[PDB]
């Protein structure tokens, strides 16, 4: 299968997460395209992908704010070709915040609204993602099993 991974990461945690996931899928034989949301154009971005994994860190305090680089893609998510697309979301956050990984929640709801096929529940990482490598690898393993 061909998987596209697009991540928004301010301090590199969601980015580490996306590389962990990319490696897990590549090891299994998938063709993987892992791109920073900052370098992507939304227009037909998901076309030709069997699977699309969207990663985004959560910002804000009393409001969910999406990682800055992910914002333009989320704002134009309806142009990506998500309808019928197998997708899944992951992201880094902090459980002490009101909306822990609320960015995963917002993106998943938009994907749902665009007719995307959410193959697995979102991966929500609390704190340093390197300390949750087992969960990341496990979630990537489950997503492959799920498509």
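Residue numbers count along the first chain shown, from 1.
- Mean CA B-factor, 110 to 118 versus 29 to 37: the higher value falls on 110 to 118.
- Between 45 to 53 and 66 to 74, it is 45 to 53 that carries the larger average Cα temperature factor according to the deposited entry.
- Within the listed group 60, 81, 102, 91, the record reports its top CA B-factor for 81.
- Comparing C-alpha B-factors across 146, 6, 3, 140 in the deposited entry, the largest value falls on 146.
- Per-chain ranking of the deposited C-alpha B factor places residue 23 in the lowest third.
- The PDB entry assigns residue 124 a C-alpha temperature factor belonging to the middle third of its chain's modelled residues.
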